[PDB]
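Input: a single structure, listed below in structure tokens.
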Amino acid sequence: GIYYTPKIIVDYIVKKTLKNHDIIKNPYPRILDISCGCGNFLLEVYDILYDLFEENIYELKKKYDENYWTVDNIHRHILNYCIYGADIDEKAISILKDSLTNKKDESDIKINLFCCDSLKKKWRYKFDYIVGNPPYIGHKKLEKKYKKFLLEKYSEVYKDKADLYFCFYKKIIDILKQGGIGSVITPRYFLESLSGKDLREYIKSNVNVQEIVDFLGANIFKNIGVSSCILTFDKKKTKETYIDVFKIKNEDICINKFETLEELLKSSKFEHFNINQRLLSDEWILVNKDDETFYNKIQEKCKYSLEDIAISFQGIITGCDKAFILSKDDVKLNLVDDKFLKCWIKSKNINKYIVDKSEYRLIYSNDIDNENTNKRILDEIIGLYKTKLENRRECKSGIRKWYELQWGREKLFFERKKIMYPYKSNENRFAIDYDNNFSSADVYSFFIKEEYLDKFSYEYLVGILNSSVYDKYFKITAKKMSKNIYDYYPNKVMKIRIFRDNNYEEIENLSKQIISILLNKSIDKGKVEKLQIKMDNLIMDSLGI
DNA sequence: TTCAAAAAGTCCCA
DNA sequence: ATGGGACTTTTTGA
Ligand SMILES: Nc1ccc(CNc2ncnc3c2ncn3[C@@H]2O[C@H](CO)[C@@H](O)[C@H]2O)cc1
Ligand SMILES: [K+]
Ligand SMILES: [K+]
């Protein structure tokens, strides 16, 4: 339950908040970490503070009580008035308390360390500087009892599929003094995710965001599957409302390339650009001026979105895939009438323009009438996981029989010509499905509304959607998940805007040629790339880029 | 009644 | 052992 932040990032965050502190004007700064753990941040704050006081001790001695401000009194003063920490783990607090004590009985100095839940603690005062690494807990791994508390007391940032660290953002902002500075490392996902919409609004309207370090899919925490960003903000009265954005260019770099993080940021491994916080909509589009010009051209030229012209839906959620999904060669399928069987694909089966031939079958068990008529299927296939099946939420509530699919959707949505795409991918892969394929939630589908079929064909749509232009276009606002993986979910895929002009026929014709080649047995992969290049030129010509 | 979001992902191997 | 790559379930709130 305790995660170790890399030292190069801790030093950067502590320096970010304290490097320009005027210790003469305010020799009582309150520095807080509300998830301090063992004190990765607070111990470094101690060292920075100690040098700051020691470097100015005689100036403080002259300006203030000359008996109080001595080098020998620095350690006591830091612990009494300057360093504050909170963590739920008692053992970590005890270790940090010993570590702070061992930085030097005389007078039994008091240390402002609290073992508590920072989201429930009544904070008696606000703080000049707040730093640290909050806990990240998603909607599956959070207790339902605790979530009721969060939904009630943190509703301005926490709803639906929000994360626990959203609330720490709210708590940090709320207990930050006017003119204070906060700097934390959190997941990057709130920058683009649908769940983070309210959190983005709360940050934008309550603090000035100084800097965003976006590591994208880089691995900052060793052996942890998370993507990180560093956010620095203040409550200073400033007319300037511009954010420094540092976005990594190579996700493969090692974080320890230089002695300091700021060396990495200034280097060629990162790009820098500014964003006007006042121009932020509910979406934070953090791109350089070239990409902004590119993105704005496409938005203005395209009169339709996919949502306007298409019906989107998520795939089947069986609730226990091992109970319902069988290899097409499994002998147990001889027990299942073919009326119950559906072709089943995974995200890896989706290529550009076409789906691989399916290798698995789904037992659409919702069409099994009662347990007596098809007892063999229930006893020998589905019943092998009956205990696990009965634990699904809708089985416990009686909504579903123990052998039904949890979310079987509508068969008629899948048994038609449609476009499918993987839910997580390195690139745009939109395919026309000709084979009535079913899939889990790792594959999304849509079909074109009847009233738009004479304006857009499936062949035209996969042509532009798979183009290099739309790959770049979608990734500008897409949710970056891990190294070389973006989310392709309807909440952003359906916002993709599309156009229709004089190039429609040739684009559609090029797409049909690609599909014809791809579906060949003696598939000529080489010519497909040439046709794709020609299509990209038409699309770039159409959009004037 | 029934939709769709959510990586402190998960798992394997060199 | 670790770091890197291939690939992706079902729980959950609304
Ligand atoms: N039951 C339950 C109780 C409390 C909360 C949330 N409130 C917390 N208040 C303070 N510190 C926390 C909290 N949660 C995790 N930490 C620590 O954050 C660090 C980051 O890894 C670690 O050292 C953790 O100990 C949620 C559920
Ligand atoms: K004095
Ligand atoms: K990562």
Side-chain angles (χ1 to χ4, degrees), chain A residues 1 3-6 35 37 133-144 147-148 150-151 155 158-166 168 185-190 192-197 215-221 223-229 251-255 311-325 345-350 366 385 388-389 391-400 404-410 413 422-426 429 439-446 479-494:
Chain A
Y3 300 87
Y4 168 81
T5 306
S35 48
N133 178 19
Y136 330 152
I137 304 179
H139 78 97
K140 283 194 180 187
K141 295 168 184 177
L142 201 49
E143 279 298 322
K144 282 190 179 59
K147 273 189 278 187
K148 203 173 76 65
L150 292 180
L151 290 164
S155 64
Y158 189 94
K159 302 176 319 190
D160 201 0
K161 311 305 187 301
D163 193 294
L164 178 68
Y165 77 85
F166 293 10
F168 277 76
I185 176 171
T186 65
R188 57 166 321 283
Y189 310 118
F190 78 97
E192 307 123 334
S193 77
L194 184 64
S195 301
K197 175 182 156 292
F215 294 110
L216 294 182
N219 305 279
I220 300 296
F221 296 82
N223 289 275
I224 297 291
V226 78
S227 293
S228 308
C229 76
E251 308 184 301
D252 290 329
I253 59 101
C254 176
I255 203 60
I311 298 295
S312 168
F313 54 100
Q314 188 172 64
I316 307 291
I317 297 179
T318 74
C320 183
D321 270 6
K322 285 169 299 191
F324 304 106
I325 307 303
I345 59 169
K346 310 304 297 177
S347 59
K348 65 184 173 190
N349 298 135
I350 311 279
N366 290 8
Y385 304 87
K388 190 74 176 183
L389 287 165
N391 208 42
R392 299 174 298 168
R393 183 182 74 181
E394 279 64 26
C395 295
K396 286 152 49 189
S397 71
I399 297 184
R400 296 273 186 273
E404 289 176 322
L405 309 171
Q406 192 156 7
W407 306 114
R409 322 293 199 182
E410 181 57 53
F413 274 29
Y423 82 138
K424 281 168 165 61
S425 176
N426 64 308
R429 291 146 56 195
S439 77
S440 194
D442 62 329
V443 180
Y444 286 99
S445 311
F446 67 83
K479 181 187 178 187
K480 183 71 178 192
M481 299 302 297
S482 59
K483 190 178 296 184
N484 304 129
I485 292 288
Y486 298 79
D487 261 16
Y488 284 73
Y489 285 39
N491 62 81
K492 293 196 177 303
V493 163
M494 288 298 119

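Each chain gets a letter, A, B and so on, in the order its sequence line appears, and its residues count up from 1.
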**Item:** Test item: A/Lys480 and A/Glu251 side chains (from C-beta on) under 4.5 Å apart, heavy atoms
**Value:** yes

**Asked** So what does A/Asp252 hit on the nucleic acid, given a heavy-atom distance under 4.0 Å: a base, only sugar-phosphate, or nothing?
**Response** nothing

**Prompt:** How close or far is atom P of C/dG3 from atom CD1 of A/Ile253, stated in whole angstroms?
**Reply:** 15 Å

**Prompt:** To the nearest Å, how far apart are A/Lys492 NZ and B/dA6 P?
**Reply:** 9 Å

**Request:** Look at the side-chain N and O atoms of A/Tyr444 and state whether any lies under 4.0 Å from the OP1 or OP2 oxygen of B/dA5.
**Result:** yes

**Message:** Would you measure the distance from the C1' atom in B/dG9 across to the matching atom in B/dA5 and give it in whole Å?
**Reply:** 14 Å

**Base stack present between B/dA7 and B/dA8, cut-offs 5.5 angstrom and 30 degrees** = no

**Prompt:** Is it true that atom NZ of A/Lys483 has more than 12 heavy atoms of other residues, nucleotides or ligands lying nearer than 6.0 Å?
**Reply:** yes

**Message:** Tell me if C/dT12 and its neighbour C/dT11 stack, counting it only when ring centres are under 5.5 Å and the plane angle is under 30°.
**Reply:** yes

**Complete:** Judged by nearest nucleotide, the residue sitting upstream toward the 5' end of DNA chain B, A/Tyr165 or A/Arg400, is A/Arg400

**Message:** Can you classify the ring geometry of A/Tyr444 versus A/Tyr489 as parallel (below 30°), tilted (30 to 60°) or perpendicular (above 60°)?
**Reply:** tilted

**Asked** Mapping A/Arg409 and A/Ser195 onto DNA chain B by nearest heavy atom, which one lands closer to the 5' end?
**Response** A/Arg409

**Message:** Categorize A/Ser227 for me: base, sugar-phosphate, or nothing, with a 4.0 angstrom heavy-atom threshold over every strand shown.
**Reply:** nothing

**Request:** Pick base, sugar-phosphate or nothing for A/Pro187, based on heavy-atom distances below 4.0 Å to the nucleic acid.
**Result:** nothing

**Item:** Contact pattern, 5' to 3', of nucleotides 8-14 of chain C - B, S or - by protein heavy atom under 4.0 Å
**Value:** BBBBBBB

**Message:** Under 4.0 Å from OP1 or OP2 of B/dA7: is there any side-chain N or O of A/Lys480 that close?
**Reply:** no

**Prompt:** Expressed as a whole number of Å, how far does the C1' atom of B/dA4 sit from that of B/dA8?
**Reply:** 23 Å

**Asked** Considering only heavy atoms and no angle criterion, is a donor-acceptor pair shorter than 3.5 Å present between the side chain of A/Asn223 and the base of C/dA1?
**Response** no

**Request:** For DNA chain B, produce a single dot-bracket line, 5' to 3'. Pairs: Watson-Crick or G-U wobble, both distances under 3.5 Å. Symbols: ( ) within strand, [ ] crossing, | other strand, . unpaired.
**Result:** .||||||.||||||

**Message:** I'd like to check the ring pair (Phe, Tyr, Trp, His ring centres under 6.0 Å) partners of A/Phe190; sequence neighbours left out, ordered by chain and number.
**Reply:** A/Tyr169

**Request:** Using a 4.5 Å cut-off on heavy atoms from C-beta on, say whether the side chain of A/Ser425 contacts that of A/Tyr486.
**Result:** no

**Message:** For A/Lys424, is there an ion pair with A/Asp442 - N to carboxylate O distance below 4.0 angstrom?
**Reply:** no

**Prompt:** Does any N or O donor sit under 3.5 Å from an N or O acceptor when you compare the side chain of A/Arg188 with the base of B/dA7?
**Reply:** no

**Prompt:** Under the 5.5 Å and 30° test, is A/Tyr3 stacked on the base of B/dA8?
**Reply:** yes

